[PDB]
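Next up is one chain by itself, shown in C-alpha coordinates, the form deposited in one PDB entry.
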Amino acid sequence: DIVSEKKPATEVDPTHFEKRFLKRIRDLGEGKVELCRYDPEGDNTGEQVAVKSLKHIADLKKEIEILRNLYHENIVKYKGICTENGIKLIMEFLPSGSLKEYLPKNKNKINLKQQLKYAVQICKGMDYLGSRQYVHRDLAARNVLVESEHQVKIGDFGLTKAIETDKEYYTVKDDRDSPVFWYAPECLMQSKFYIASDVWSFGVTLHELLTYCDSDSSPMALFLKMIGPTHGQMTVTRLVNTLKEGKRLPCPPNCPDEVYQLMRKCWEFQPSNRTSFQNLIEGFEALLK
(Lines give C-alpha, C1' and ligand atoms only; values in the text may rest on other atoms or scores of the structure.)
Protein backbone atom coordinates (compact mmCIF):
# COMPACT_ATOMS: atom_id res chain seq x y z
CA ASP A 1 0.00 0.00 0.00
CA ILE A 2 0.99 3.65 -0.64
CA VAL A 3 2.09 5.33 2.61
CA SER A 4 0.35 8.58 3.56
CA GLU A 5 0.43 10.88 6.59
CA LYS A 6 -1.92 10.31 9.58
CA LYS A 7 -4.28 13.33 9.73
CA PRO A 8 -3.85 15.21 13.07
CA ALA A 9 -7.18 16.30 14.69
CA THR A 10 -8.17 19.69 13.17
CA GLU A 11 -8.80 22.62 15.58
CA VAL A 12 -10.32 25.99 14.61
CA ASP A 13 -8.67 29.26 15.69
CA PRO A 14 -11.42 31.95 16.07
CA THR A 15 -8.76 34.64 15.44
CA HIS A 16 -7.80 33.06 12.05
CA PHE A 17 -9.83 34.63 9.14
CA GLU A 18 -9.65 32.72 5.83
CA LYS A 19 -9.02 34.95 2.76
CA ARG A 20 -11.75 33.13 0.71
CA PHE A 21 -14.53 34.14 3.18
CA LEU A 22 -13.33 37.75 3.81
CA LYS A 23 -15.48 39.73 1.30
CA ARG A 24 -14.88 43.45 0.62
CA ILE A 25 -17.83 45.89 0.88
CA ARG A 26 -16.13 49.37 0.66
CA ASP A 27 -13.11 51.46 1.70
CA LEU A 28 -13.41 53.29 5.05
CA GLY A 29 -10.22 55.34 4.93
CA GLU A 30 -6.50 55.34 4.07
CA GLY A 31 -2.17 51.67 4.46
CA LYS A 32 -5.98 51.41 4.21
CA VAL A 33 -9.00 50.27 6.25
CA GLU A 34 -11.90 48.47 4.52
CA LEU A 35 -15.37 47.33 5.59
CA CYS A 36 -15.70 43.59 4.88
CA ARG A 37 -18.19 40.86 5.74
CA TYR A 38 -16.56 37.63 7.00
CA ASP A 39 -19.06 35.25 5.32
CA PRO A 40 -18.04 31.53 5.69
CA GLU A 41 -21.67 30.45 5.08
CA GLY A 42 -21.84 32.50 1.81
CA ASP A 43 -25.37 33.86 2.45
CA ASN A 44 -24.57 37.49 3.52
CA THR A 45 -25.21 36.72 7.26
CA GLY A 46 -21.60 36.88 8.39
CA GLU A 47 -20.23 39.49 10.76
CA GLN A 48 -19.06 42.92 9.42
CA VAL A 49 -15.39 43.61 10.26
CA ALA A 50 -12.89 46.45 9.69
CA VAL A 51 -9.79 45.18 7.81
CA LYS A 52 -6.45 47.03 7.88
CA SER A 53 -4.00 46.15 5.13
CA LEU A 54 -0.97 47.61 3.39
CA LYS A 55 -1.18 49.55 0.11
CA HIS A 56 5.94 48.72 6.14
CA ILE A 57 4.94 45.00 6.64
CA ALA A 58 7.07 45.03 9.85
CA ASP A 59 5.15 48.12 11.16
CA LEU A 60 1.77 46.44 10.49
CA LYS A 61 2.95 43.25 12.31
CA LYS A 62 4.03 45.36 15.36
CA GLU A 63 0.65 47.17 15.34
CA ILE A 64 -1.21 43.79 15.26
CA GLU A 65 0.88 42.52 18.21
CA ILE A 66 0.13 45.71 20.23
CA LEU A 67 -3.65 45.66 19.55
CA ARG A 68 -3.99 41.83 20.13
CA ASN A 69 -2.87 42.40 23.76
CA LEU A 70 -4.92 45.58 24.55
CA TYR A 71 -8.28 44.94 26.31
CA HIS A 72 -10.26 48.02 27.35
CA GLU A 73 -13.85 49.34 27.01
CA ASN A 74 -12.50 52.46 25.20
CA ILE A 75 -10.08 50.63 22.86
CA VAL A 76 -11.34 49.13 19.55
CA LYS A 77 -11.52 45.30 19.72
CA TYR A 78 -8.97 43.13 17.92
CA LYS A 79 -10.69 40.11 16.24
CA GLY A 80 -7.81 38.42 14.44
CA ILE A 81 -5.67 38.20 11.32
CA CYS A 82 -5.85 37.06 7.69
CA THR A 83 -2.46 35.65 6.50
CA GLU A 84 -1.41 35.30 2.79
CA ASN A 85 4.55 37.24 4.00
CA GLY A 86 1.30 39.25 3.69
CA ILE A 87 -1.03 39.99 6.64
CA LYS A 88 -4.33 41.84 7.35
CA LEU A 89 -5.51 43.06 10.76
CA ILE A 90 -9.18 42.22 11.50
CA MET A 91 -11.05 44.42 13.99
CA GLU A 92 -14.63 45.00 15.10
CA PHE A 93 -16.53 47.43 12.82
CA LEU A 94 -18.08 50.65 14.28
CA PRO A 95 -20.76 51.88 11.79
CA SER A 96 -20.93 55.48 13.21
CA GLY A 97 -17.33 56.15 12.06
CA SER A 98 -15.06 58.61 13.86
CA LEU A 99 -15.87 61.88 15.73
CA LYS A 100 -14.86 63.59 12.45
CA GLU A 101 -17.97 62.16 10.65
CA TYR A 102 -20.27 61.69 13.66
CA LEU A 103 -20.07 65.06 15.49
CA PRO A 104 -21.11 67.31 12.50
CA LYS A 105 -24.20 65.10 11.93
CA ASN A 106 -25.24 64.77 15.60
CA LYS A 107 -24.78 68.22 17.21
CA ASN A 108 -28.45 68.21 18.34
CA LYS A 109 -27.93 64.87 20.20
CA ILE A 110 -24.45 65.62 21.66
CA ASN A 111 -24.51 68.37 24.31
CA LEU A 112 -21.67 69.57 26.64
CA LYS A 113 -22.43 66.83 29.24
CA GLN A 114 -22.01 64.16 26.46
CA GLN A 115 -18.82 65.82 25.12
CA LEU A 116 -17.28 65.73 28.66
CA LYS A 117 -18.26 62.02 29.00
CA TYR A 118 -16.52 61.28 25.64
CA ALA A 119 -13.48 63.28 26.93
CA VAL A 120 -13.38 61.02 30.09
CA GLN A 121 -13.55 57.84 27.93
CA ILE A 122 -10.71 59.04 25.63
CA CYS A 123 -8.62 59.75 28.79
CA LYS A 124 -9.44 56.28 30.26
CA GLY A 125 -8.37 54.54 27.02
CA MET A 126 -5.17 56.66 26.86
CA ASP A 127 -4.33 56.09 30.56
CA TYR A 128 -4.67 52.31 29.98
CA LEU A 129 -2.29 52.62 26.93
CA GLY A 130 0.21 54.57 29.07
CA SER A 131 -0.04 51.92 31.87
CA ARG A 132 1.10 49.32 29.23
CA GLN A 133 4.09 51.68 28.48
CA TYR A 134 2.90 52.83 25.02
CA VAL A 135 2.87 56.27 23.34
CA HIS A 136 0.03 56.59 20.78
CA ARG A 137 1.57 59.49 18.71
CA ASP A 138 -1.62 60.00 16.63
CA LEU A 139 -4.37 61.05 19.03
CA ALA A 140 -6.83 63.05 16.89
CA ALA A 141 -10.66 63.09 16.51
CA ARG A 142 -10.30 61.11 13.23
CA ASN A 143 -8.84 58.19 15.33
CA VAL A 144 -11.66 58.27 17.98
CA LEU A 145 -14.47 55.93 16.89
CA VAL A 146 -18.09 56.20 17.96
CA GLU A 147 -19.47 52.93 19.38
CA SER A 148 -22.81 54.65 20.27
CA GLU A 149 -24.21 58.02 21.39
CA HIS A 150 -22.86 57.01 24.86
CA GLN A 151 -19.42 55.49 24.03
CA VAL A 152 -16.26 56.24 22.05
CA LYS A 153 -13.14 54.05 21.51
CA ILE A 154 -9.55 54.78 20.40
CA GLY A 155 -9.71 53.14 16.96
CA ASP A 156 -6.26 53.09 15.31
CA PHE A 157 -2.75 52.24 16.57
CA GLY A 158 -0.71 52.74 13.37
CA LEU A 159 1.93 55.04 15.00
CA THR A 160 1.89 53.45 18.51
CA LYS A 161 5.36 52.82 19.99
CA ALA A 162 6.61 51.19 23.21
CA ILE A 163 8.60 53.35 25.73
CA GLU A 164 11.64 51.39 27.12
CA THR A 165 11.52 50.42 30.86
CA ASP A 166 13.08 53.17 33.10
CA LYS A 167 12.97 55.64 30.10
CA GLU A 168 10.68 58.66 29.65
CA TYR A 169 10.29 58.84 25.85
CA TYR A 170 10.59 57.17 22.44
CA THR A 171 12.78 58.76 19.69
CA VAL A 172 11.20 58.76 16.21
CA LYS A 173 13.16 58.29 12.93
CA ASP A 174 10.40 58.11 10.21
CA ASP A 175 8.47 61.45 10.61
CA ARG A 176 7.53 62.51 6.99
CA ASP A 177 3.74 62.04 7.54
CA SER A 178 3.67 63.59 11.11
CA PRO A 179 0.35 65.22 12.23
CA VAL A 180 2.32 68.38 13.19
CA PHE A 181 -0.78 70.45 14.27
CA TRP A 182 -1.52 67.83 17.05
CA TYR A 183 2.17 67.63 18.16
CA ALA A 184 3.82 68.92 21.33
CA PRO A 185 7.00 71.12 20.96
CA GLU A 186 9.42 68.27 22.01
CA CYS A 187 7.96 66.10 19.11
CA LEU A 188 8.39 68.91 16.51
CA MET A 189 11.86 70.01 17.73
CA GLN A 190 13.59 66.76 18.78
CA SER A 191 11.25 63.88 17.60
CA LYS A 192 10.97 62.78 21.28
CA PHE A 193 7.62 61.20 22.33
CA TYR A 194 6.57 61.17 26.02
CA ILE A 195 3.27 60.07 27.65
CA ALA A 196 2.99 63.90 28.27
CA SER A 197 3.20 64.32 24.42
CA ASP A 198 -0.08 62.26 24.11
CA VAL A 199 -1.57 64.58 26.82
CA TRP A 200 -0.77 67.54 24.46
CA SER A 201 -2.46 65.71 21.50
CA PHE A 202 -5.44 65.05 23.82
CA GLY A 203 -5.87 68.80 24.42
CA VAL A 204 -6.01 69.31 20.61
CA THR A 205 -8.51 66.36 20.22
CA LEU A 206 -10.61 67.94 23.06
CA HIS A 207 -10.64 71.23 21.04
CA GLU A 208 -11.94 69.26 17.97
CA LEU A 209 -14.62 67.52 20.08
CA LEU A 210 -15.78 70.86 21.52
CA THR A 211 -16.00 72.38 17.97
CA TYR A 212 -17.95 69.25 16.74
CA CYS A 213 -15.03 68.63 14.26
CA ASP A 214 -15.99 71.68 12.16
CA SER A 215 -13.48 71.79 9.25
CA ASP A 216 -13.27 75.64 9.41
CA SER A 217 -12.36 75.41 13.15
CA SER A 218 -9.93 72.45 12.72
CA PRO A 219 -6.51 72.68 14.50
CA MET A 220 -4.81 72.81 11.05
CA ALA A 221 -7.21 75.61 9.80
CA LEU A 222 -6.73 77.64 13.02
CA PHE A 223 -2.94 77.24 13.26
CA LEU A 224 -2.54 78.09 9.50
CA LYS A 225 -4.55 81.31 10.09
CA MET A 226 -2.23 82.16 13.08
CA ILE A 227 1.11 81.42 11.21
CA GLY A 228 0.31 81.87 7.46
CA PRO A 229 -1.02 79.22 5.01
CA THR A 230 1.60 79.66 2.19
CA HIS A 231 4.97 78.82 3.89
CA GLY A 232 5.50 75.20 2.61
CA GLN A 233 8.76 73.73 4.05
CA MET A 234 8.94 76.63 6.64
CA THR A 235 5.53 75.70 8.22
CA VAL A 236 6.88 73.59 11.21
CA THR A 237 9.53 76.13 12.34
CA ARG A 238 6.81 78.89 12.17
CA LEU A 239 4.57 76.58 14.26
CA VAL A 240 7.44 75.93 16.81
CA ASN A 241 8.02 79.75 16.98
CA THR A 242 4.30 80.41 17.65
CA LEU A 243 4.21 77.77 20.49
CA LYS A 244 7.45 79.14 22.08
CA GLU A 245 5.73 82.62 22.23
CA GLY A 246 2.90 81.11 24.33
CA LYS A 247 0.24 81.17 21.58
CA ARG A 248 -2.35 78.38 21.78
CA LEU A 249 -5.62 77.44 20.02
CA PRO A 250 -8.47 79.80 21.14
CA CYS A 251 -11.42 78.84 23.39
CA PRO A 252 -14.04 76.92 21.29
CA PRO A 253 -17.40 78.79 20.91
CA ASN A 254 -19.83 78.01 23.77
CA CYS A 255 -17.03 76.22 25.70
CA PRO A 256 -17.10 77.32 29.38
CA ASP A 257 -13.83 78.76 30.72
CA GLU A 258 -13.46 75.92 33.32
CA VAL A 259 -13.37 73.35 30.44
CA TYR A 260 -10.89 75.58 28.47
CA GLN A 261 -8.62 75.74 31.57
CA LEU A 262 -8.34 71.89 31.66
CA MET A 263 -7.48 72.02 27.91
CA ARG A 264 -4.72 74.66 28.53
CA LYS A 265 -3.17 72.37 31.21
CA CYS A 266 -2.51 69.88 28.30
CA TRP A 267 -0.55 72.63 26.49
CA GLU A 268 2.16 73.65 28.99
CA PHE A 269 5.37 74.10 26.86
CA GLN A 270 7.44 71.69 29.05
CA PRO A 271 6.20 68.03 29.24
CA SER A 272 6.88 67.88 33.04
CA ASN A 273 4.40 70.78 33.68
CA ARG A 274 1.48 69.17 31.79
CA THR A 275 -1.53 67.57 33.50
CA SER A 276 -1.86 63.76 33.63
CA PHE A 277 -4.72 61.69 32.11
CA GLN A 278 -5.83 60.73 35.67
CA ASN A 279 -6.01 64.46 36.68
CA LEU A 280 -8.02 65.24 33.48
CA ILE A 281 -10.48 62.40 34.38
CA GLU A 282 -10.88 63.93 37.88
CA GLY A 283 -11.35 67.48 36.41
CA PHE A 284 -14.08 66.37 33.96
CA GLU A 285 -15.79 64.18 36.63
CA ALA A 286 -15.94 67.29 38.97
CA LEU A 287 -17.60 69.31 36.13
CA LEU A 288 -20.13 66.47 35.45
CA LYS A 289 -21.15 66.27 39.19
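Sequential numbering from 1, following the sequence displayed. For clarity, a rigid core is taken as the largest C-alpha set superposing within 1.5 Å between two forms.
Unshown form deposited in another entry; subsequent notes refer to it.
- Here the two forms are overlaid on the core, and between this form and the one not shown the C-alpha of 174 is the only one among 73, 174, 149, 214 to shift by 2 Å or more.
- The rigid-core alignment places the CA of residue 246 less than 2 Å apart between this form and the one not shown.
- Core-superposed comparison between this form and the one not shown: the C-alpha position of residue 256 differs by less than 2 Å.
- Fitting the two forms on the rigid core leaves the C-alpha of residue 61 displaced by under 2 angstroms between this form and the one not shown.
- Between residue 229 and residue 100, the Cα distance is greater in the other form than in this structure, by no less than 3 angstroms.
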